[PDB]
Ligand SMILES: *[C@@H]1O[C@H](CO)[C@@H](O[C@@H]2O[C@H](CO)[C@@H](O)[C@H](O)[C@H]2NC(C)=O)[C@H](O)[C@H]1NC(C)=O
Ligand SMILES: *[C@@H]1O[C@H](CO)[C@@H](O[C@@H]2O[C@H](CO)[C@@H](O)[C@H](O)[C@H]2NC(C)=O)[C@H](O)[C@H]1NC(C)=O
Ligand SMILES: *[C@@H]1O[C@H](CO)[C@@H](O)[C@H](O)[C@H]1NC(C)=O
Ligand SMILES: *[C@@H]1O[C@H](CO)[C@@H](O)[C@H](O)[C@H]1NC(C)=O
Ligand SMILES: *[C@@H]1O[C@H](CO)[C@@H](O)[C@H](O)[C@H]1NC(C)=O
Ligand SMILES: *[C@@H]1O[C@H](CO)[C@@H](O)[C@H](O)[C@H]1NC(C)=O
Ligand SMILES: *[C@@H]1O[C@H](CO)[C@@H](O)[C@H](O)[C@H]1NC(C)=O
Ligand SMILES: *[C@@H]1O[C@H](CO)[C@@H](O)[C@H](O)[C@H]1NC(C)=O
Ligand SMILES: *[C@@H]1O[C@H](CO)[C@@H](O)[C@H](O)[C@H]1NC(C)=O
């Protein structure tokens, strides 16, 4: 009843958090959903001697993800599983201190993303299959089939090297590409420190939620941090004075958390725009920009 | 939309669908209504428990998103009702790839597409003393000892107001000399009369620019009429 | 000739424009009329500018609405607090009210700062798009319209800008058998630009983004190496233009 006199603070915080939650799905849609059709590979897998079995989807897995995608998903430890609990496992109370249920009891919840990992893998599979089977044409219009040797010759002719350099060295170039994919596998299976850019995305939200839980133990100058204790031990006249401090302190902590979430959402939106630009200009075509997509000639 | 219908689906977030008949108004709840919870229109999603929408296996495009690949719409699937479905990613295609076959286009088309980008927003200013207290000398005297907070918010809003004009100048003022078109309008058979300026209007704007200015329901953002209409009683 | 050089920038030779100029002009006029009809009918394309106006109006209305809140005081009316309470209790309620209103105004200032940063990023993107698509031609994929970019036209808008990106899109396709190179006399002939095509009877050479078959001669092909190395090379005769003029 006393919180109703403080105005539209809760409604504007909820509006900002709803805007951030819509913006995350907009970022994911903008990055991944760039092709209007779901292309797929032919059953034969002879792409001019190049081996694409590590990045093509594996049907043996329950979710159609490739070997490298499975390696990345195993490398990232996703600790922010909010609605996987579904509050039944939180209602069954355990003596172990579970961090997701403890913050779930405090009003802090995590909404699931709109696009699941299966749909993201289907988007990446369609993009990679269209890239392999058609080149740059499916980013400009209908996909046009072309042999992969002719496509590699045309990619070399883009960077100023004639086609006979490929057509007299195609087996060597395929061997180098397969060895590079194998070295990518050997690097990702051992060096787990490369995915810190996503591990920090997990940790910056987990630490913020843990801090927001830890702010309740602060007294903010009151006699206690338990409002039932204050109401049971004081009259209403000085109890309102004691409880106004707690209400103002917790509201300021919530506003601080919302402001930091807004700044982090701005940074994440900038990174998502960069990722969408990189996808459109390097997956859907060849880039002449120096060091935009890898050191060397793209 | 309320113009379309008044049928409503209710989603309980983070709640198992077995716990929702327990969370019915036989025991008291925060909302008074419970009449949705009785019925056969109960579906379970990773977002929670959806009530009032029948699940349909036919995947369409996402109309109203819910979560974890579930969307909902208002369709004639029965006679109108709210339906819930898995979202469709697009039409499935298979490129007829072979190592001796190529497809080369024999024709083209010219497509002119439209892209809209915001440039500047509204420049605002706040009178700190009159907003905080308002025609009150004692409250102004009490506000004077609180600090230079009003000065630093004035500084921040002035920086924003300068930055808006900087953005507009940087976007538009990229040409050294104001060029003008010749009176002859034969640009190789291309019709540019819908984007070239029309001198009939008092402001030399094109038909498409007039359409954009009509379509954007802009507020005042200026055009104050110098305090006269606000001072006049209305 | 300006549009011919725009076509020559994207890998299509200018004879295509000089033989299809009336058709391309008619297609451009039809697309302009379609944009006119779409902007006359649908008003949901300007949602970004409309959301800018709605965000500013909503923030100002929220800042106006924050004055009626009590913030724990006995009343939101400062003159009523003056006329009812004594000096020290009145100063307590004024301290509560000024703290609440100052916190609301700081929240408004912070939200305006974040929104101004987002608007500045969008304005920098718009300036880059104007400088690289109106003042020139863009080779960046999907930066200015889907397809191959030709031109762009700027249009003003309330609190923003509108770009009309003109693009070239290939439309009607046809299957063709292809080969990387050609054996003529043991030499390996490679095309200079274009694709070696056939239907099964005769071998021609085309360009990539348009179908235009030409006789495979030594003017548009170059010799590199021999036939033993290239995988998938077919045998075919290569025409020599010098021999009939020598025999004439
Ligand atoms: C392409 O690469 C794959 C993977 O390197 C090869 O498939 C086999 O993959 C398993 C792992 O799942 C390895 O242990 C085997 O050594 C791989 N080879 C064989 C013969 O089983 C696949 O053979 C490669 N194909 C080509 C044409 O190079
Ligand atoms: C390439 O596409 C254009 C546009 O579809 C074709 O132009 C059309 O030709 C038919 C011929 O019967 C006319 O009826 C249409 O009115 C034309 N459309 C326009 C926009 O003028 C063109 O014929 C196609 N093929 C060629 C030869 O380029
Ligand atoms: C809901 O509860 C039932 C019974 O306890 C269980 O079988 C089901 O898996 C649960 N679903 C979710 C999403 O938690
Ligand atoms: C959807 O499919 C499942 C299994 O194929 C079936 O049991 C169910 O009745 C279907 N629902 C509709 C609405 O067709
Ligand atoms: C083309 O692909 C088929 C299918 O794998 C393969 O058998 C054949 O050797 C390839 N090359 C040619 C020149 O047909
Ligand atoms: C100021 O007031 C006069 C009084 O009629 C009016 O005519 C004039 O237009 C006003 N100035 C402006 C800028 O509107
Ligand atoms: C090329 O051939 C494939 C298979 O024969 C067919 O599916 C495809 O439609 C053909 N393309 C055209 C443009 O006819
Ligand atoms: C297609 O086949 C016909 C057979 O009559 C031939 O005259 C023509 O040159 C061929 N065209 C191409 C592009 O191979
Ligand atoms: C015809 O082309 C094939 C393709 O490799 C080649 O093996 C053969 O030697 C050629 N014919 C002659 C007479 O050289």
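Chains as they are written, first to last, in this note's numbering: chain A, 326 to 623; chain B, 9 to 242; chain C, 4 to 251.
In this text, a Cβ means the ideal position worked out from N, Cα and C, and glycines have one as well.
Closer than 6 Å: residue 110 (chain B) CB and nearest ligand 5 heavy atom: no
Short CB-CB distance (under 7 Å) between residue 24 (chain B) and chain C: no
Cutoff 6 Å; reference residue 355 (chain A); Cβ partners in own chain excluding five residues on either side: 601
is_contact[residue 51 (chain C), chain B] using C-beta, thresh 7 Å: yes
Interfacial residues, the segment 70–99 of chain C to chain A, with Cβ spacing under 7 Å: 72, 73, 74, 75
Selection from B:199, B:66, B:28 that minimises the alpha carbon distance to residue 29 (chain C): B:199
Three-pair Cβ contact test at 8 Å for the segment 422–438 of chain A versus the segment 576–591 of chain A: no
Distance cut-off 6 Å: residue 26 (chain B) Cβ against heavy atoms of ligand 3: yes
Cβ-heavy atom distance, residue 376 (chain A) to ligand 1, below 6 Å: yes
The segment 450–469 of chain A: positions lying closer than 9 Å to chain B by Cβ: 451, 454, 455, 457, 458, 459, 462, 463, 466, 467, 468, 469
Residue 77 (chain C), DSSP secondary structure in three states: coil
Ligand 5 heavy atom lying under 6 Å from the CB of residue 107 (chain B): yes
Nearest-angstrom Cα separation, counted from residue 96 (chain C) out to residue 142 (chain B): 16 Å
Where residue 470 (chain A) falls, given that 16 or more other Cβ within 10 Å makes a residue buried: buried
Extent of the continuous beta strand (DSSP E) to which residue 59 (chain B) belongs: 56–59
Residue 39 (chain C) beta carbon near ligand 6 (any heavy atom closer than 6 Å): no
Near ligand 4: residue 49 (chain B) beta-carbon under 6 Å from a heavy atom: no
At least 3 beta-carbon pairs within less than 8 Å: the segment 208–225 of chain B vs the segment 33–49 of chain C: yes
CB contact check: residue 124 (chain B) to chain A, cutoff 7 Å: no
Beta bridge counterpart(s) of residue 180 (chain C) as assigned by DSSP: B:109, C:201
Span of the beta strand (DSSP E), counted from its first residue to its last, around residue 94 (chain B): 89–94
Amino acids of chain B, ordered along the chain, whose beta-carbon sits closer than 8 Å to that of residue 361 (chain A): 98, 99
Nearest to residue 102 (chain C) (by Cα), restricted to the options B:208, B:169, B:158, B:15: B:158
Interface flag, residue 352 (chain A) vs chain C, CB-CB below 7 Å: no
C-alpha distance - residue 416 (chain A) paired with residue 410 (chain A), whole-angstrom precision: 10 Å
Reduced DSSP category for residue 538 (chain A) - H, G, I as helix; E, B as strand; rest coil: helix
Chain C residues whose Cβ lies nearer than 7 Å to that of residue 238 (chain B): In chain order: nothing, as chain C lies at least about 14 Å away.
Buried/exposed call for residue 193 (chain C), threshold 16 Cβ in 10 Å: buried
Residue-chain proximity (residue 610 (chain A), chain C), Cβ-Cβ < 7 Å: yes
Of the residues C:146, C:190, C:203, the one placed nearest residue 169 (chain C), counting alpha carbons only: C:146
Residues within the segment 175–192 of chain C neighbouring chain B, beta-carbon criterion of under 9 Å: 175, 176, 177, 178, 179, 180, 181, 182
Closer than 6 Å: residue 30 (chain C) CB and nearest ligand 2 heavy atom: yes
Min CB distance residue 471 (chain A) to chain B below 7 Å: yes
Listed by chain order, chain A residues near residue 102 (chain B) by CB distance under 8 Å: 364, 365, 367
Extent of the continuous beta strand (DSSP E) to which residue 191 (chain C) belongs: 190–194
Cβ-based burial, residue 200 (chain C) [other Cβ within 10 Å; buried from 16]: buried
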